[PDB]
$ cat run_11.txt   # compact mmCIF, N, CA, C and O atoms
# COMPACT_ATOMS: atom_id res chain seq x y z
N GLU A 6 115.15 79.08 85.01
CA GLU A 6 115.90 79.39 86.22
C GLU A 6 116.65 80.71 86.06
O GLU A 6 116.50 81.62 86.88
N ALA A 7 117.44 80.83 85.00
CA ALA A 7 118.23 82.03 84.76
C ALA A 7 117.37 83.29 84.65
O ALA A 7 117.70 84.33 85.25
N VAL A 8 116.29 83.22 83.89
CA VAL A 8 115.40 84.37 83.73
C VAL A 8 114.79 84.78 85.07
O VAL A 8 114.78 85.96 85.41
N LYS A 9 114.29 83.81 85.83
CA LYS A 9 113.67 84.12 87.13
C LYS A 9 114.70 84.75 88.06
O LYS A 9 114.39 85.74 88.74
N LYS A 10 115.91 84.21 88.09
CA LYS A 10 116.97 84.76 88.94
C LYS A 10 117.32 86.20 88.58
O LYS A 10 117.56 87.03 89.46
N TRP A 11 117.34 86.49 87.28
CA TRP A 11 117.64 87.82 86.77
C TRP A 11 116.55 88.83 87.14
O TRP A 11 116.83 89.96 87.57
N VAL A 12 115.29 88.43 86.97
CA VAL A 12 114.17 89.27 87.40
C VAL A 12 114.19 89.49 88.92
O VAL A 12 114.03 90.63 89.38
N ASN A 13 114.38 88.42 89.68
CA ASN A 13 114.48 88.52 91.13
C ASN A 13 115.55 89.50 91.58
O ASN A 13 115.31 90.29 92.49
N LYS A 14 116.73 89.44 90.95
CA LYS A 14 117.82 90.34 91.33
C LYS A 14 117.42 91.80 91.16
O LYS A 14 117.70 92.64 92.02
N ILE A 15 116.71 92.10 90.08
CA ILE A 15 116.23 93.47 89.85
C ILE A 15 115.26 93.90 90.96
O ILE A 15 115.38 95.01 91.49
N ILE A 16 114.31 93.03 91.31
CA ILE A 16 113.32 93.35 92.34
C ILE A 16 113.98 93.44 93.72
O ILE A 16 113.62 94.30 94.54
N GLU A 17 114.96 92.59 93.98
CA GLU A 17 115.53 92.52 95.32
C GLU A 17 116.63 93.55 95.56
O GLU A 17 116.83 93.97 96.70
N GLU A 18 117.31 93.98 94.51
CA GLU A 18 118.44 94.90 94.72
C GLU A 18 118.02 96.38 94.63
O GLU A 18 118.79 97.29 94.97
N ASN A 19 116.77 96.62 94.25
CA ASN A 19 116.25 97.98 94.09
C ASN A 19 114.94 98.12 94.83
O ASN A 19 114.01 97.34 94.59
N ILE A 20 114.84 99.11 95.71
CA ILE A 20 113.59 99.29 96.45
C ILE A 20 112.42 99.51 95.50
O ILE A 20 111.38 98.89 95.65
N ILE A 21 112.60 100.38 94.51
CA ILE A 21 111.57 100.62 93.51
C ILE A 21 112.01 99.97 92.20
O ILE A 21 113.01 100.39 91.62
N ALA A 22 111.29 98.94 91.75
CA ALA A 22 111.66 98.27 90.50
C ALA A 22 110.52 98.39 89.52
O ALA A 22 109.38 98.02 89.84
N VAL A 23 110.81 98.90 88.33
CA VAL A 23 109.80 99.05 87.29
C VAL A 23 110.24 98.32 86.03
O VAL A 23 111.33 98.56 85.50
N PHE A 24 109.39 97.41 85.55
CA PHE A 24 109.61 96.74 84.27
C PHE A 24 108.77 97.44 83.21
O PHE A 24 107.56 97.64 83.39
N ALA A 25 109.43 97.83 82.12
CA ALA A 25 108.81 98.68 81.12
C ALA A 25 109.13 98.17 79.72
O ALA A 25 109.80 97.15 79.56
N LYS A 26 108.62 98.87 78.70
CA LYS A 26 109.05 98.58 77.34
C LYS A 26 109.21 99.89 76.60
O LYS A 26 109.01 100.97 77.17
N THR A 27 109.58 99.79 75.33
CA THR A 27 109.86 100.95 74.50
C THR A 27 108.58 101.70 74.16
O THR A 27 107.56 101.08 73.84
N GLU A 28 108.63 103.03 74.25
CA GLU A 28 107.51 103.89 73.81
C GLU A 28 106.16 103.46 74.39
O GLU A 28 105.21 103.16 73.67
N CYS A 29 106.11 103.46 75.72
CA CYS A 29 105.00 102.92 76.49
C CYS A 29 104.48 104.05 77.37
O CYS A 29 105.07 104.36 78.41
N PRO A 30 103.38 104.70 76.96
CA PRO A 30 102.91 105.90 77.68
C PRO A 30 102.61 105.65 79.16
O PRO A 30 102.92 106.51 79.99
N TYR A 31 102.03 104.50 79.50
CA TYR A 31 101.73 104.25 80.90
C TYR A 31 102.98 103.88 81.69
O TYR A 31 103.04 104.10 82.89
N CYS A 32 104.01 103.35 81.03
CA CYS A 32 105.32 103.20 81.67
C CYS A 32 105.90 104.56 82.03
O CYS A 32 106.34 104.80 83.16
N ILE A 33 105.89 105.46 81.04
CA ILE A 33 106.42 106.80 81.18
C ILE A 33 105.66 107.54 82.28
O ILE A 33 106.29 108.16 83.14
N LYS A 34 104.33 107.47 82.28
CA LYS A 34 103.55 108.10 83.33
C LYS A 34 103.92 107.56 84.73
O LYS A 34 104.12 108.34 85.67
N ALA A 35 103.99 106.24 84.86
CA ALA A 35 104.27 105.63 86.16
C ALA A 35 105.65 106.05 86.67
O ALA A 35 105.81 106.39 87.85
N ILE A 36 106.64 106.00 85.79
CA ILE A 36 108.01 106.38 86.14
C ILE A 36 108.07 107.85 86.56
O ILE A 36 108.75 108.20 87.53
N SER A 37 107.34 108.71 85.86
CA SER A 37 107.30 110.13 86.16
C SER A 37 106.66 110.40 87.53
O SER A 37 107.13 111.25 88.29
N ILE A 38 105.59 109.67 87.84
CA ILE A 38 104.94 109.81 89.15
C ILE A 38 105.92 109.43 90.25
O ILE A 38 106.05 110.13 91.26
N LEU A 39 106.62 108.31 90.07
CA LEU A 39 107.58 107.86 91.06
C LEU A 39 108.76 108.84 91.21
O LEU A 39 109.18 109.13 92.34
N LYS A 40 109.28 109.36 90.10
CA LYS A 40 110.36 110.34 90.18
C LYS A 40 109.88 111.63 90.84
O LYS A 40 110.68 112.35 91.43
N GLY A 41 108.58 111.88 90.77
CA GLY A 41 107.97 113.04 91.43
C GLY A 41 108.09 112.99 92.94
O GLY A 41 108.01 114.03 93.61
N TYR A 42 108.26 111.79 93.49
CA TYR A 42 108.51 111.62 94.92
C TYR A 42 110.01 111.59 95.21
O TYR A 42 110.43 111.19 96.30
N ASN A 43 110.81 112.02 94.23
CA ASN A 43 112.27 112.06 94.36
C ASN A 43 112.84 110.69 94.71
O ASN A 43 113.71 110.57 95.58
N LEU A 44 112.35 109.66 94.03
CA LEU A 44 112.74 108.29 94.33
C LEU A 44 113.87 107.80 93.43
O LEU A 44 114.27 106.64 93.54
N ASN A 45 114.38 108.67 92.57
CA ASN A 45 115.37 108.31 91.57
C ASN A 45 116.51 107.43 92.12
O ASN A 45 116.88 106.42 91.51
N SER A 46 117.02 107.79 93.30
CA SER A 46 118.18 107.11 93.87
C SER A 46 117.91 105.65 94.21
O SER A 46 118.85 104.86 94.33
N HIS A 47 116.64 105.30 94.37
CA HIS A 47 116.28 103.94 94.74
C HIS A 47 115.39 103.27 93.70
O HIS A 47 114.68 102.32 94.01
N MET A 48 115.47 103.77 92.46
CA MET A 48 114.66 103.24 91.37
C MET A 48 115.51 102.59 90.31
O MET A 48 116.57 103.10 89.94
N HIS A 49 115.03 101.46 89.80
CA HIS A 49 115.60 100.89 88.60
C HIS A 49 114.48 100.61 87.60
O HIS A 49 113.45 100.03 87.96
N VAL A 50 114.69 101.05 86.36
CA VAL A 50 113.76 100.76 85.28
C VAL A 50 114.43 99.83 84.29
O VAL A 50 115.52 100.14 83.78
N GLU A 51 113.79 98.69 84.03
CA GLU A 51 114.31 97.73 83.08
C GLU A 51 113.40 97.67 81.87
O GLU A 51 112.20 97.42 82.01
N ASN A 52 113.97 97.91 80.69
CA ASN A 52 113.20 97.76 79.45
C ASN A 52 113.25 96.31 79.00
O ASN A 52 114.26 95.85 78.45
N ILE A 53 112.16 95.59 79.22
CA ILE A 53 112.14 94.16 78.94
C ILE A 53 111.83 93.82 77.49
O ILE A 53 111.97 92.66 77.09
N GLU A 54 111.43 94.82 76.70
CA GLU A 54 111.24 94.61 75.27
C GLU A 54 112.60 94.51 74.60
O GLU A 54 112.77 93.73 73.65
N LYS A 55 113.55 95.30 75.08
CA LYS A 55 114.93 95.23 74.59
C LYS A 55 115.65 94.12 75.33
O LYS A 55 116.55 94.36 76.14
N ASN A 56 115.22 92.89 75.07
CA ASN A 56 115.73 91.72 75.77
C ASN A 56 115.33 90.51 74.94
O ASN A 56 114.20 90.46 74.44
N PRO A 57 116.24 89.53 74.77
CA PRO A 57 115.88 88.36 73.97
C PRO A 57 114.83 87.47 74.65
O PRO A 57 114.20 86.64 73.99
N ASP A 58 114.64 87.67 75.95
CA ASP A 58 113.75 86.81 76.72
C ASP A 58 112.52 87.56 77.21
O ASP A 58 112.00 87.24 78.27
N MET A 59 112.04 88.52 76.43
CA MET A 59 110.85 89.29 76.82
C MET A 59 109.66 88.42 77.27
O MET A 59 109.07 88.66 78.33
N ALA A 60 109.32 87.41 76.48
CA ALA A 60 108.17 86.57 76.79
C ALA A 60 108.35 85.84 78.10
O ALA A 60 107.40 85.71 78.89
N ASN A 61 109.56 85.34 78.34
CA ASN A 61 109.85 84.65 79.59
C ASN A 61 109.72 85.59 80.77
O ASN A 61 109.17 85.23 81.81
N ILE A 62 110.22 86.81 80.60
CA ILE A 62 110.13 87.81 81.66
C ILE A 62 108.67 88.16 81.93
O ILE A 62 108.25 88.19 83.09
N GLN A 63 107.89 88.40 80.88
CA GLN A 63 106.47 88.73 81.02
C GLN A 63 105.69 87.60 81.69
O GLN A 63 104.84 87.86 82.56
N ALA A 64 105.99 86.36 81.31
CA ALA A 64 105.32 85.23 81.94
C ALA A 64 105.63 85.15 83.44
O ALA A 64 104.72 84.90 84.24
N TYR A 65 106.89 85.37 83.81
CA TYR A 65 107.27 85.37 85.22
C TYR A 65 106.60 86.52 85.97
O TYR A 65 106.13 86.34 87.10
N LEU A 66 106.54 87.70 85.35
CA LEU A 66 105.88 88.84 85.98
C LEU A 66 104.40 88.54 86.20
O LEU A 66 103.82 88.99 87.19
N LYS A 67 103.79 87.78 85.30
CA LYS A 67 102.41 87.36 85.51
C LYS A 67 102.29 86.36 86.66
O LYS A 67 101.35 86.42 87.45
N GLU A 68 103.26 85.44 86.77
CA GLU A 68 103.26 84.52 87.91
C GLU A 68 103.35 85.28 89.22
O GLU A 68 102.71 84.90 90.21
N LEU A 69 104.13 86.35 89.23
CA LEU A 69 104.32 87.14 90.46
C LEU A 69 103.16 88.10 90.78
O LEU A 69 102.89 88.37 91.96
N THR A 70 102.49 88.62 89.75
CA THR A 70 101.58 89.76 89.93
C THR A 70 100.18 89.57 89.37
O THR A 70 99.29 90.37 89.68
N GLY A 71 99.99 88.57 88.53
CA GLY A 71 98.69 88.34 87.91
C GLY A 71 98.53 88.92 86.52
O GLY A 71 97.55 88.61 85.83
N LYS A 72 99.46 89.77 86.09
CA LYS A 72 99.41 90.34 84.74
C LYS A 72 100.77 90.27 84.06
O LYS A 72 101.81 90.36 84.71
N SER A 73 100.74 90.13 82.74
CA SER A 73 101.96 90.06 81.93
C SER A 73 102.32 91.40 81.29
O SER A 73 103.37 91.52 80.66
N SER A 74 101.46 92.40 81.46
CA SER A 74 101.64 93.69 80.79
C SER A 74 102.64 94.57 81.53
O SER A 74 102.86 94.40 82.73
N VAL A 75 103.23 95.51 80.80
CA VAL A 75 104.06 96.53 81.42
C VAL A 75 103.32 97.87 81.35
O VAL A 75 102.51 98.10 80.44
N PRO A 76 103.57 98.76 82.31
CA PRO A 76 104.55 98.60 83.40
C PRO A 76 104.13 97.62 84.50
O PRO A 76 102.93 97.41 84.73
N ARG A 77 105.13 97.01 85.13
CA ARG A 77 104.95 96.18 86.32
C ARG A 77 105.82 96.80 87.39
O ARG A 77 107.02 96.97 87.19
N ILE A 78 105.21 97.14 88.53
CA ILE A 78 105.87 97.93 89.57
C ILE A 78 105.92 97.19 90.89
O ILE A 78 104.90 96.70 91.39
N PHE A 79 107.12 97.11 91.47
CA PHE A 79 107.35 96.55 92.79
C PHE A 79 107.95 97.62 93.70
O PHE A 79 108.79 98.40 93.26
N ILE A 80 107.51 97.64 94.96
CA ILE A 80 108.12 98.52 95.96
C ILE A 80 108.50 97.69 97.19
O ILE A 80 107.63 97.11 97.84
N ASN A 81 109.80 97.65 97.49
CA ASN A 81 110.35 96.77 98.52
C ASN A 81 109.82 95.34 98.39
O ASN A 81 109.38 94.74 99.37
N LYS A 82 109.84 94.83 97.16
CA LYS A 82 109.40 93.47 96.82
C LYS A 82 107.88 93.24 96.84
O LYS A 82 107.40 92.19 96.41
N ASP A 83 107.13 94.23 97.33
CA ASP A 83 105.67 94.15 97.31
C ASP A 83 105.16 94.50 95.92
O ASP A 83 105.71 95.39 95.26
N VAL A 84 104.10 93.83 95.47
CA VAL A 84 103.50 94.14 94.18
C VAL A 84 102.59 95.36 94.26
O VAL A 84 101.59 95.37 95.00
N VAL A 85 102.93 96.41 93.51
CA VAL A 85 102.02 97.53 93.35
C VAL A 85 101.11 97.22 92.17
O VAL A 85 99.88 97.34 92.28
N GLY A 86 101.71 96.80 91.07
CA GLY A 86 100.95 96.44 89.89
C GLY A 86 101.33 97.28 88.69
O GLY A 86 102.52 97.42 88.36
N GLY A 87 100.33 97.84 88.03
CA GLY A 87 100.56 98.68 86.87
C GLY A 87 100.40 100.15 87.19
O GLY A 87 100.29 100.54 88.37
N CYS A 88 100.41 100.97 86.14
CA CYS A 88 100.27 102.41 86.32
C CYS A 88 98.92 102.75 86.96
O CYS A 88 98.87 103.63 87.82
N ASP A 89 97.84 102.08 86.55
CA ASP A 89 96.52 102.38 87.13
C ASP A 89 96.50 102.06 88.62
O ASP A 89 95.91 102.82 89.41
N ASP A 90 97.13 100.95 89.01
CA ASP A 90 97.27 100.61 90.43
C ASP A 90 98.05 101.69 91.17
O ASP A 90 97.71 102.04 92.30
N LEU A 91 99.10 102.21 90.54
CA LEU A 91 99.91 103.25 91.16
C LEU A 91 99.11 104.54 91.34
O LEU A 91 99.21 105.20 92.38
N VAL A 92 98.31 104.88 90.34
CA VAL A 92 97.47 106.08 90.39
C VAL A 92 96.45 105.98 91.52
O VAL A 92 96.23 106.95 92.24
N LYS A 93 95.84 104.81 91.68
CA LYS A 93 94.87 104.61 92.76
C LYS A 93 95.57 104.76 94.12
O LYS A 93 95.06 105.46 95.00
N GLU A 94 96.72 104.11 94.29
CA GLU A 94 97.46 104.20 95.54
C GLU A 94 97.89 105.64 95.81
O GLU A 94 97.82 106.12 96.95
N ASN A 95 98.31 106.33 94.76
CA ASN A 95 98.78 107.71 94.88
C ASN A 95 97.65 108.63 95.33
O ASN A 95 97.79 109.40 96.29
N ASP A 96 96.52 108.55 94.63
CA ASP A 96 95.39 109.42 94.93
C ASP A 96 94.78 109.15 96.30
O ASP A 96 94.19 110.05 96.90
N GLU A 97 94.89 107.91 96.78
CA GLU A 97 94.21 107.52 98.02
C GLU A 97 95.14 107.51 99.24
O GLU A 97 94.73 107.16 100.34
N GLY A 98 96.38 107.93 99.02
CA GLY A 98 97.32 108.14 100.12
C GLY A 98 98.15 106.92 100.46
O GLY A 98 99.05 106.99 101.31
N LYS A 99 97.86 105.82 99.78
CA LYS A 99 98.54 104.57 100.06
C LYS A 99 100.00 104.61 99.62
O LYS A 99 100.87 104.09 100.32
N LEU A 100 100.28 105.24 98.49
CA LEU A 100 101.65 105.30 97.99
C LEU A 100 102.53 106.07 98.95
O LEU A 100 103.63 105.62 99.28
N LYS A 101 102.05 107.22 99.42
CA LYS A 101 102.84 108.03 100.35
C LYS A 101 103.11 107.24 101.63
O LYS A 101 104.23 107.27 102.16
N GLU A 102 102.10 106.53 102.12
CA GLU A 102 102.26 105.70 103.30
C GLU A 102 103.35 104.65 103.11
O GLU A 102 104.20 104.45 104.00
N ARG A 103 103.35 103.98 101.96
CA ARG A 103 104.38 102.99 101.64
C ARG A 103 105.76 103.61 101.75
O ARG A 103 106.67 103.04 102.34
N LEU A 104 105.91 104.78 101.13
CA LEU A 104 107.20 105.44 101.02
C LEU A 104 107.68 105.97 102.37
O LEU A 104 108.88 105.95 102.66
N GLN A 105 106.74 106.43 103.20
CA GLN A 105 107.10 106.90 104.54
C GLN A 105 107.68 105.77 105.39
O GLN A 105 108.67 105.97 106.10
N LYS A 106 107.09 104.59 105.30
CA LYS A 106 107.54 103.45 106.09
C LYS A 106 108.91 102.95 105.64
O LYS A 106 109.60 102.24 106.38
N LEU A 107 109.32 103.34 104.43
CA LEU A 107 110.62 102.97 103.90
C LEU A 107 111.65 104.08 104.10
O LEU A 107 112.81 103.94 103.71
N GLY A 108 111.24 105.18 104.72
CA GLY A 108 112.11 106.33 104.93
C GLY A 108 112.42 107.13 103.67
O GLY A 108 113.38 107.90 103.64
N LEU A 109 111.61 106.94 102.63
CA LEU A 109 111.92 107.54 101.33
C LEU A 109 111.32 108.92 101.18
O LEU A 109 111.78 109.73 100.37
N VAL A 110 110.26 109.17 101.94
CA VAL A 110 109.69 110.51 102.01
C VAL A 110 109.41 110.79 103.48
O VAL A 110 109.13 109.86 104.25
N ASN A 111 109.51 112.05 103.89
CA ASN A 111 109.23 112.41 105.27
C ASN A 111 107.73 112.34 105.56
O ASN A 111 107.31 112.16 106.71

$ encode --input "run_11.txt" --output "structure tokens"
Amino acid sequence: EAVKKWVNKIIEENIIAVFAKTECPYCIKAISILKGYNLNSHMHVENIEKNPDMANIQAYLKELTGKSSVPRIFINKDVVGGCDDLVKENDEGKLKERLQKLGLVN
């Protein structure tokens, strides 16, 4: 209960929520792409490896998204997925569309 509530608060209180771990190249890439849209003000990155309940968090993220790996990316509570999912959305115009509907990019 506590772990799920804590994860939910991160997803619900931040338009862009990224779950990451230490020294994770695809986390770093995903975060950099998002900051490239000047989303910093509405982004939260949580390092779930630096947490006593990493496994519980990963299991919950899999319940929500289908995968336990990081990065795990949510935008306005919608599941984007991982860095590869973000790259596909970015290249195909879907990411910009998401952000426009949220007023985050013109």

$ closest_residue --input "run_11.txt" --among "A:107, A:75, A:48, A:36" --to "residue A:19" --atoms "only C-alpha atoms"
A:48

$ closest_residue --input "run_11.txt" --among "A:12, A:88, A:67, A:102" --to "residue A:34" --atoms "all atoms listed in the file"
A:88

$ closest_residue --input "run_11.txt" --among "A:81, A:108, A:9, A:86" --to "residue A:62" --atoms "only N, CA, C and O atoms"
A:9

$ select_by_dssp --input "run_11.txt" --residues "stretch 67-99 of chain A" --states "helix (DSSP H, G or I)" --output "short mmCIF file (atom, residue, chain, number, x, y, z; two decimals) with N, CA, C and O atoms, keeping the file's coordinate frame"
data_model
loop_
_atom_site.label_atom_id
_atom_site.label_comp_id
_atom_site.auth_asym_id
_atom_site.auth_seq_id
_atom_site.Cartn_x
_atom_site.Cartn_y
_atom_site.Cartn_z
N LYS A 67 103.79 87.78 85.30
CA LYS A 67 102.41 87.36 85.51
C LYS A 67 102.29 86.36 86.66
O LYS A 67 101.35 86.42 87.45
N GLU A 68 103.26 85.44 86.77
CA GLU A 68 103.26 84.52 87.91
C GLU A 68 103.35 85.28 89.22
O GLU A 68 102.71 84.90 90.21
N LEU A 69 104.13 86.35 89.23
CA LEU A 69 104.32 87.14 90.46
C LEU A 69 103.16 88.10 90.78
O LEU A 69 102.89 88.37 91.96
N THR A 70 102.49 88.62 89.75
CA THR A 70 101.58 89.76 89.93
C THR A 70 100.18 89.57 89.37
O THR A 70 99.29 90.37 89.68
N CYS A 88 100.41 100.97 86.14
CA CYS A 88 100.27 102.41 86.32
C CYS A 88 98.92 102.75 86.96
O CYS A 88 98.87 103.63 87.82
N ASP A 89 97.84 102.08 86.55
CA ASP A 89 96.52 102.38 87.13
C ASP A 89 96.50 102.06 88.62
O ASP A 89 95.91 102.82 89.41
N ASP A 90 97.13 100.95 89.01
CA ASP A 90 97.27 100.61 90.43
C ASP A 90 98.05 101.69 91.17
O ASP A 90 97.71 102.04 92.30
N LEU A 91 99.10 102.21 90.54
CA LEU A 91 99.91 103.25 91.16
C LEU A 91 99.11 104.54 91.34
O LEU A 91 99.21 105.20 92.38
N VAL A 92 98.31 104.88 90.34
CA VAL A 92 97.47 106.08 90.39
C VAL A 92 96.45 105.98 91.52
O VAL A 92 96.23 106.95 92.24
N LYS A 93 95.84 104.81 91.68
CA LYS A 93 94.87 104.61 92.76
C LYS A 93 95.57 104.76 94.12
O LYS A 93 95.06 105.46 95.00
N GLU A 94 96.72 104.11 94.29
CA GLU A 94 97.46 104.20 95.54
C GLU A 94 97.89 105.64 95.81
O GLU A 94 97.82 106.12 96.95
N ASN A 95 98.31 106.33 94.76
CA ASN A 95 98.78 107.71 94.88
C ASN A 95 97.65 108.63 95.33
O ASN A 95 97.79 109.40 96.29
N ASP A 96 96.52 108.55 94.63
CA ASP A 96 95.39 109.42 94.93
C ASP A 96 94.78 109.15 96.30
O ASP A 96 94.19 110.05 96.90
N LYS A 99 97.86 105.82 99.78
CA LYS A 99 98.54 104.57 100.06
C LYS A 99 100.00 104.61 99.62
O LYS A 99 100.87 104.09 100.32
#

$ closest_residue --input "run_11.txt" --among "A:91, A:74, A:38, A:15" --to "residue A:59" --atoms "only C-alpha atoms"
A:74

$ closest_residue --input "run_11.txt" --among "A:47, A:21, A:85, A:8" --to "residue A:99" --atoms "only C-alpha atoms"
A:85

$ closest_residue --input "run_11.txt" --among "A:57, A:66, A:42, A:82" --to "residue A:17" --atoms "only N, CA, C and O atoms"
A:82

$ atom_distance --input "run_11.txt" --atom1 "atom N of residue A:30" --atom2 "atom C of residue A:7"
26.7 Å

$ atom_distance --input "run_11.txt" --atom1 "atom O of residue A:76" --atom2 "atom O of residue A:43"
20.2 Å

$ atom_distance --input "run_11.txt" --atom1 "atom C of residue A:65" --atom2 "atom CA of residue A:24"
10.8 Å

$ select_by_dssp --input "run_11.txt" --residues "stretch 13-107 of chain A" --states "strand (DSSP E or B)" --output "list in words"
residues 21, 22, 23, 24, 25, 48, 49, 50, 51, 52, 77, 78, 79, 80, 83, 84, 85 and 86 of chain A

$ residues_near_point --input "run_11.txt" --point "(114.0, 93.0, 82.7)" --cutoff "7 Å" --atoms "all atoms listed in the file" --output "PyMOL selection string"
chain A and resi 11-12+23-25+51-54+62

$ residues_near_point --input "run_11.txt" --point "(115.1, 109.4, 96.9)" --cutoff "4.5 Å" --atoms "all atoms listed in the file" --output "ChimeraX atom specification"
/A:43-46
